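Protein chains in written order, with the entry's author numbering: chain X, 6 to 232; chain Z, 3 to 226; chain A, 440 to 1011, 1026 to 1170; chain S, 28 to 108; chain C, 443 to 1129; chain V, 28 to 50; chain D, 1220 to 1281. Heads up, the thing below is written out as structure tokens.
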Amino acid sequence: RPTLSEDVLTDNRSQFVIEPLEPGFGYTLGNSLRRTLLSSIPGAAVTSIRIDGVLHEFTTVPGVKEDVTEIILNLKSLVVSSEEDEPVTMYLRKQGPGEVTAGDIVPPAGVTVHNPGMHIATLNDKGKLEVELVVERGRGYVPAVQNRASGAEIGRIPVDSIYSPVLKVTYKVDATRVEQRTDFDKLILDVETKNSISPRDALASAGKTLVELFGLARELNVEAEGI
Amino acid sequence: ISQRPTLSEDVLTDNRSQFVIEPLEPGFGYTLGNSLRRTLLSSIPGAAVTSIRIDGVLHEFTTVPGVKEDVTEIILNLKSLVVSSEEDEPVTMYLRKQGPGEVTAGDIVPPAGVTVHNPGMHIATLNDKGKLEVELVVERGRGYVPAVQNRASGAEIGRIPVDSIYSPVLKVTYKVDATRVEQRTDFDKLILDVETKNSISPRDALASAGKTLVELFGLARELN
Amino acid sequence: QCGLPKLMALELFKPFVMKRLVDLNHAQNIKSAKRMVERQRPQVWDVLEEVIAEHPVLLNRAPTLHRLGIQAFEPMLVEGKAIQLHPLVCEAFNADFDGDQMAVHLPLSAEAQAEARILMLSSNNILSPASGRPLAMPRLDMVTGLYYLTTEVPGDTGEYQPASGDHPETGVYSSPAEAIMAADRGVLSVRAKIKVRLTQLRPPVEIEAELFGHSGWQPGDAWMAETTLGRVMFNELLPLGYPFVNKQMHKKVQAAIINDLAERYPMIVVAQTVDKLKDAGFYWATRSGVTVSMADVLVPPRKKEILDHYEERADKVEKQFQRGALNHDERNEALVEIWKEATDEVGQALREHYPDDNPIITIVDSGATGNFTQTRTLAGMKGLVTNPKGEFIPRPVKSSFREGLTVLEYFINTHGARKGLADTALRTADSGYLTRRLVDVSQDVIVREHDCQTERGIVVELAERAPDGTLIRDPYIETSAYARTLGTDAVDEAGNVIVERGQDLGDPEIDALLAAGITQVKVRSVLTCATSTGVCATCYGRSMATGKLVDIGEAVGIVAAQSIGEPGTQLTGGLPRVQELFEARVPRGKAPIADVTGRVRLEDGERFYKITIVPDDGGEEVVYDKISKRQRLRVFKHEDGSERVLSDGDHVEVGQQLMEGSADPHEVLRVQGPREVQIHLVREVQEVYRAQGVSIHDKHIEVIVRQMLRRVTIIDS
Amino acid sequence: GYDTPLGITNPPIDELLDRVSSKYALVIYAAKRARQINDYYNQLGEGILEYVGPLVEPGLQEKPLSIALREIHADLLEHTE
Amino acid sequence: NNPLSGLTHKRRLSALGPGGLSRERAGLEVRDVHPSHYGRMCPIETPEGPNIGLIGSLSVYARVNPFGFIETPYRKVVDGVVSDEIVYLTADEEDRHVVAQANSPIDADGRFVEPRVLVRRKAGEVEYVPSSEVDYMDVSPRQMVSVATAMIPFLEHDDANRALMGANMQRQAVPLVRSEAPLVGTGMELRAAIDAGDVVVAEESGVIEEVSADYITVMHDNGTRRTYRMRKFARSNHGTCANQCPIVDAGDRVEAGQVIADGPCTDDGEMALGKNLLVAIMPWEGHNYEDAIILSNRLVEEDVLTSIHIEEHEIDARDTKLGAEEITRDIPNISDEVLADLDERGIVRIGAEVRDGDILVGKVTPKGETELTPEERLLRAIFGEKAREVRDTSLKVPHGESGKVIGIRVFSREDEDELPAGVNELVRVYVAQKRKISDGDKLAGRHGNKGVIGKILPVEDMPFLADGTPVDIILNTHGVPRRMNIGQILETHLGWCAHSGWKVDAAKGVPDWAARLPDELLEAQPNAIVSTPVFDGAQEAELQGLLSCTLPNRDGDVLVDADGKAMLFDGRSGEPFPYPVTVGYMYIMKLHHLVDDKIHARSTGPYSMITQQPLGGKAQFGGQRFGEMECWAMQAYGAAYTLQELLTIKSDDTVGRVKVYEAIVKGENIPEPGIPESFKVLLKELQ
Amino acid sequence: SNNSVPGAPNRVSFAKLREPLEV
Amino acid sequence: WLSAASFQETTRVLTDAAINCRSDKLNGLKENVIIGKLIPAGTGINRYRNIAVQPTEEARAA
DNA sequence: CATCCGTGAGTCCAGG
Ligand SMILES: [Mg+2]
Ligand SMILES: [Zn+2]
């Protein structure tokens, strides 16, 4: 019997169930599809940043509650879609008392911020904050030492780039009892994505992506198979 | 921070061929070749003998007068027989030889669409006065299907069902050259390795592997 | 769950399947329905799949030393002819897979299945009825797998680095989701110390107060932590609501976690939680890299150096006896000591020379299994072997097993090893007999009432008094106090009462009493409560299993017998002492006890010990006759110094043990009375199980002891 | 708060135990009612006046014990000792 | 079970039996190892059970003197010089002397090296003694052990406890379809098989005049001909498969005493108790936890661990009071479908396949002319079918058994075959089973490392080496250092070196580690056989050395390192395992504890004649026992109804069990149990 | 070689030369 | 005497019991298991044994 | 405090 595709939901993430796979294929399909969603989907994230009132890291920014550290982390969680491959730059300025968010961000053209309610930094009175952001495009996860020369050396800060629009994926493989055979494999897959793309879509691109690879092998003969 | 459609090169050897694939995602090569390895060993179509019949023999546990091996060791020799059949339906081979001498895979008579790929295979050592008349049934399929399944069908008491190892694949592996140099030059190079049974080519093998996988991942693209 | 063979089930549910065959018309009558099953027609496999729906069955594994030897499971049909078993009930059944067989019983009556699913089901009996400890916990691979990821590796890759120069802070991640993509790229080690903001794990009790003011942590509130990625993956199991643990998971650690969950969290939580812990270990025990090669097992560097030092000390002792300056009994007695010390120094040589990487040590030091003594025997040296008599041989096996024992070495070890198995076979037959006796003496002992109502209890030593100051936790605390319910309000120096009467002692209530400084509490016991038949629920207290008050009807007597008998195999005093006590024999030692309290008059002669006692209060001198082979017991005197041996002019209380050995409990009865003799027995019994590391709750011993004193003789008619 | 109870761990026994004096009592409580349900299904075939049928929806091929054990959880049954 | 098993059986030394002692009479002194057992009776071979120390095996070089004592060979030392003259000594005679251990270094002439040597003395006491005073010396280092014990490679590395099992268990190994000689050996594998008598040895020298699967004929030199008939597919006492195959080819010149044809568990005249398996020492996703074992499906698809098992079934036709039983193909109320596999007689036909329940021998007996049921009388008037006076007493196939009918043996009283008084036709039906290895089958090595098969993964799921080769068997690392039996490890190392081959480096001379190593081993082929005799053989130095010498595979790459480990790829995830895993080849035996035998269950069945309880055992289709201990387990729980039900309607309530069956099949409620018939019996026994 | 007495396969032995008497 | 007899020294127990004309009240664990009565423990005691279960008045047929 | 007779000495399975 041909295999089915199912879905149990949640706004940001959902679980997918594939069954019945020919015995020993649940694992044949599992880890391969995960490393695809986590690495083989292009998005946009922050490469480097620049703060006005900073000449070294340990000191906090004049007028801000959070440390230099706790801001970077808040900024890594920022979700953004850029339209052009080449590195763009966006500016976020705000002064006085209150809280600065992702709706305060001034974006270029064809560049969208998808969670304008994300907290970033709690400014107090007489508190100034000017930040230059460097947004690129890529795949998966890229360290900070590899971005150590992407801003003006008057306070250029390298950031961990989380290009991937998929956040975390886990998978289990139980067995389904088809006919008399209890051997058949049942694949369960948990997928959490950013606020950028629906998980239901992130799979379809991840799915289509892999179809391309196995095209190469298939191209030779297209001999035999049945579904 | 780079985009390039991947390649699929080939460096050959008669029975086994290495397939090179690059440039791939970082840390992706391993769980990519593996998906193939598990496709090949398990679900590549081929053909092998299901059952046999021998003159004067009614079951697997006996001896034929004048032949060095018992039927069990004879059926056990026939496991290493490498056969390729085109007939999707089952066909019947033949083997008859007498007097002194050795009998081999060559002395098998394959019908229309059946080719033996290892004629030098030793079957039995027929001594003087030894006569051996056999009848072998060949089918098509994939993987491994145990003998015990045939007997319950309606098979007559003459036939001696044999296990069927259809997988025409022998030994598969892979290695990966990941350039981890701190730059946007970070990629993975996959070198797959396939060895077959001279029943099919290492390339054809990988082809039917891809034809299978494509029809599997395609269900991930269909909308609800 | 359990994996019940497809073939096994069909014969177990045979008339049950026949029923549904004539139901769904597969067979015209009941006779044909039979023939369908016996022919194993294809239909029945569909039929049976329905029949065994949530219909519990029993798993028994002989020998059944305690009641967890029979547990109920939800049967899962399975291809093959083996019974599939859950790795956590292995501790309860004492079941390994070197070819063990288990018996299955199919409950039929409505109440039977009810008794199965509710009383006996494996996911309910997670605790030992003997000590209340978690038996269904991570055991071998599991612990070794968890102990892996929860370890902190100093210089491992991806570790947190402070900012300095032109490079900022390396090793800070936004979320667990990020750190996971890091070890997948190959930047972060799952065992390297890092800093990560977390959103679905409540911080420590100490940090939550600092960061929230106990505003009540919430799924979504953020905070920063200094762990390893692994320790995070581990806390996603405990899961939410439970205070994060930043330690490495040794067995004792994990044991605490579950025991805590056993108290606070409900049963179905623990069952689910411990299951998650199982899956975790196995997956990580695989990628733990724990392997045995000839390489990992290393002989020490100081091997021949150390052994040459003691063989030289030996030859000195040989020559000192060659001149006959040493007694023969002294010669070996010293030779034993020399080689005992030597083996210790070989072990030391290993531990330090061995990296904590080393799998043989990783397994030992992590409580997964194995002793270091084993590891010593493997790569260090075997050491002393036992004589047929039991005494330790003057000659030592210098060879390790890695180096290969010499021919003559192998022989004598073998002698030892066989005599080992022989006694191991005899004690079982002994333990099993002692057990069946205990079972009979306490069958009519049941929880019949909810409360005796008497204020009678017994004193327990909560803690010792430190000479310098402060208080020291009493060692017997766990077995003699923790499960008891109070019989008298426990008050400190003030008029302030800390714990009420009718209140179970728990872990924090001991901490309340410990910090208050009070070191003695009167607690209700089975020895004291008096009821027509059996006992009462209130005096017994907390059923070690449930972790709550014992239900009315519990067969506490039998379970008490089981509790004491189950581990009676692991002894060397020894098991005879346990018998000699429970059978109340006039002991071997027969150490005297003082009839009346007064001033001691030591008047030793070389041919005989004689002890005289002058009555503190008026009275006439009472004098005893002692054999010089025994020696006077170092009793804790008024001086608060226990190590003071008996001396003349000392002061002894009434019934005080005069010399080392064992006191006749029959005299303790006539001298110190019915109550005191019960407390003597219980702790003398306990002392035996103490030595061999076995912890039974005083509760269980008391149940048996109570049934020894229920009769009184007839003096006059 | 916990993961969804599967199979025979449902209904969660802790919540069941809350509705009964002690473990032993829950057993006879349930089974006696499970007997009532099975009486009902056989009697109904040829005789009225049976015990009251399943107070909840019976799952497809649900054992009488499983029915009774669920309605105990629904507090739809009364408890006399 | 296997030839060795029989061989050891002939050499058992039991203390039990008439004139001997009882099992309860024996204390702890009789059982433990005595000093005088040296070279006479093995200290390792003995049962694990309650029979421990009361049964032993006779040592290898030992013999019995005309007075029933046990002598042993020692070498004679004149004056510090070993003489080849050998004298056998009884126990107390050796006490009056002084013996040097076998491994004490000896001059090329025959003189000792050091003045003071290792010396054995009366009362098992040992001391260094000047060479002037050495009387005798041991024949061999392996002199103390038995035939079975000496087949345990690196024995001196395994604690007596597991080593003991390792000897006891080899006699439990089952003959496989075809057998391989172990890559690692001790030398004993040869002589054990020949002496066992379950192989075929040539009496006089000659040349193979004719060879067939059936027999071997040998033309002697003197002209005479001796033909050896082959045992082919014969049932042993233990239902294992004693099948002999010819080694020699036609026209081979063969000398006397040579093995011309080997039998079960024998490869080229050597004890082949098992197969050589590619092992991997690692916990693998829990499926090998607590000593369970993981297998490659290769072992199932290539019959590597597959055996034959023959059963014998009997049935006879006696004279009864109602006539005589007659074996016929006409059985009351049975279709022509069930009878389809019989012959005209009533016997099953050779080669047919049988399942349990099926009919082997159709026998009917005349039933007593008692008044048939008035309800069945009525049922016979409607359908007008007259009842037959013959009740079905057929021989059906027992539960669990199944296979092919490989031979019928018919005896008749008619055909003058002399039968016991009362019997007429007597039939035996032999059925063979080709049992492939399955879950729950008990595998073991030679080191007491036992365990049942936990999971058999698909061949692709198996952790594999870089060149694609999937390992065969995945043992759990956890259960190795605890058992002190690192012999299994050492064997694995030497196993790999023997699979791949090796070559010591002779450039710049012969290395100092391989200095003691005999010339013949400095160069070794792939799949080479070797010997590690007990208390001799490989030393840990040489073994470490050989791991560096390991020859590369066909692709020119070395596979394992000097540590002996290698890198694996998880066949499931694809990602490589983080740490190098100890890989190598280990010899594994298939013990005679297979689930196909061991599994059993019963609903209702036969019942006891007196106590009216169920009968006992698989052979009787009896039920399990719920013992005194087990009842305690019920009471402790307080499961009063369960406990009662088992002791009442499930056991010996005559009327209850019948009405419980009705209640179940009618789908009603279970009734209230009655009185135990056993208890009734008790009161009659008291009365 | 070990037992070079019957006509048996050559199994190479790590050893000290054992020539006292055959089994 | 039932409990005693099935414990040890059965011949001793019976001779005595038959002389003292001892009646046995079958009220014990051992005692009950023998005759097949529900053991006086756990779900055997009357407290739990005699239970009536009824649907709530609020619960009524649809 | 030491002798003479009688009574105890783990469970389940298996087989002949
Ligand atoms: Mg075991
Ligand atoms: Zn009370």
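Built from N, CA and C at the ideal position, the CB exists for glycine as well.
In chain order, what residues of the same chain lie with their CB nearer than 6 Å to the CB of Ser582/C, ignoring the 5 residues before and after it?
Here residue 582/C corresponds to residue number 140 of the fifth sequence, with the count starting at 1. Hits under 6 Å: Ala544.
Residue 388/C versus chain Z: which residues are under 9 Å apart at the beta carbon?
Past the edges of chain C, shown from 443 to 1129, lies residue 388/C, and the structure says nothing about it.
Distance CB(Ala644/C)-CB(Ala698/C) smaller than 7 Å:
Residue mapping note: residue 644/C aligns to position 202 of the fifth sequence, counting from 1. Residue mapping note: residue 698/C aligns to position 256 of the fifth sequence, counting from 1. Yes, Cβ-Cβ distance for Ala644/C and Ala698/C is below 7 Å.
With 9 Å as the limit, tell me which residues of the stretch 1235 to 1260 of chain D have their beta carbon closer than that to any beta carbon of chain A; keep them in chain order.
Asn1246, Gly1247, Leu1248, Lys1249, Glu1250, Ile1258, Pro1259 and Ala1260
Looking only at its own chain, which residues have a Cβ that is under 6 Å from the Cβ of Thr669/C, when we skip the five neighbours before and after it?
Mapped onto the fifth sequence, residue 669/C falls at position 227. Same-chain partners within the cutoff: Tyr657 and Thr659.
Determine the chain X residues that contact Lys177/Z at a beta-carbon separation under 9 Å, and present them in chain order.
Numbered from 1 along the second sequence, position 175 holds the residue referred to as residue 177/Z. The premise fails here: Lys177/Z is roughly 17 Å from chain X at the closest Cβ pair, so nothing lies under 9 Å.
Separation of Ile735/C from residue 437/C, as counted between CA atoms
Given that chain C is displayed from residue 443 to residue 1129, the structure contains no residue 437/C and the question cannot be resolved.
Can the beta-carbon of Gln552/A be found closer than 7 Å to that of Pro495/A?
As a working note, residue 552/A is residue 113 in the third sequence. As a working note, residue 495/A is residue 56 in the third sequence. Yes, Cβ-Cβ distance for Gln552/A and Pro495/A is below 7 Å.
Any beta carbon of chain A sitting closer than 7 Å to that of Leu103/S?
One-based indexing of the fourth sequence puts residue 103/S at position 76. Output row for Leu103/S: interface = no.
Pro526/A lies in the alpha helix (DSSP H); which residues open and close that run?
As a working mapping, residue 526/A is identified with position 87 in the third sequence. Taken as a continuous stretch (DSSP letters only), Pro526/A belongs to no alpha helix (DSSP H), as it is neither H nor E.
For the 8 Å Cβ check, are there 3 or more pairs between the stretch 40 to 47 of chain X and the stretch 166 to 186 of chain X?
yes
Look up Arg1060/A in the DSSP assignment and say whether it is helix, strand or coil.
Here residue 1060/A is taken as the residue at index 607 of the third sequence, counted from 1. In the structure shown, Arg1060/A sits in coil (DSSP, three-state: anything other than H, G, I, E or B).
Start-to-end residues for the beta strand (DSSP E) that takes in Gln875/C:
To locate residue 875/C, count along the fifth sequence from 1; it is residue 433. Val865 to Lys878 is the span of the beta strand (DSSP E), which, as asked, contains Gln875/C.
Interfacial residues, the stretch 524 to 554 of chain A to chain S, with Cβ spacing under 7 Å:
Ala549, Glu550, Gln552, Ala553 and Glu554
Partners in chain C for residue 10/V, counting only beta-carbon separations shorter than 9 Å:
The shown model of chain V, from 28 to 50, leaves out residue 10/V, and the question about it has no answer.
Measuring from the CB of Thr977/A, is there a heavy atom of ligand 2 at a distance below 6 Å?
Within the third sequence, numbered from 1, the residue matching residue 977/A stands at position 538. For ligand 2, at least one heavy atom lies less than 6 Å from the Cβ of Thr977/A.
Compute the beta-carbon to beta-carbon distance between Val69/Z and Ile56/Z, rounded to the nearest angstrom, for a pair I have assumed lies under 8 Å.
Locating residue 69/Z in the second sequence gives position 67, counting from the first residue. Locating residue 56/Z in the second sequence gives position 54, counting from the first residue. Wrong, their Cβ atoms sit about 10 Å apart, outside the cutoff.
What residues in its chain sit with their C-beta under 6 Å from that of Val865/C, if we drop five residues either side in the sequence?
If you number the fifth sequence from 1, residue 865/C lands on position 423. Same-chain partners within the cutoff: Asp758 and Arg760.
Given the structure, does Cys1240/D come close to ligand 2, in the sense that its CB is under 6 Å from one of the ligand's heavy atoms?
The residue given as residue 1240/D occupies position 21 in the seventh sequence. Flag unset: Cβ of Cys1240/D not near ligand 2.
Closer than 8 Å at the beta carbon, the chain D residues around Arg60/S
By 1-based counting over the fourth sequence, the position of residue 60/S is 33. Neighbours of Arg60/S on chain D, chain order: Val1272.
Whose CA, out of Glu224/X, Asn226/X and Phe219/X, lies closest to the CA of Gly220/Z?
For the purposes of this step, residue 220/Z is taken as residue 218 along the second sequence, with counting starting at 1. Residue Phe219/X is the option with its Cα nearest to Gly220/Z.
Helix, strand or coil for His606/A? Go by DSSP, reduced to three states.
As a position in the third sequence, residue 606/A is number 167, starting the count at 1. Note: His606/A maps to strand in three-state DSSP.
If you follow the alpha helix (DSSP H) that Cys939/C is in, where does it begin and where does it stop?
Working through the fifth sequence from its first residue, we reach residue 939/C at position 497. Note, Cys939/C: alpha helix (DSSP H), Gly929 to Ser942.
What residues match up with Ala95/S in a beta bridge as DSSP calls it?
Translated into the one-based positions of the fourth sequence, residue 95/S becomes position 68. Looking at the DSSP assignment, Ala95/S forms no beta bridge with any residue, so it has no partner.
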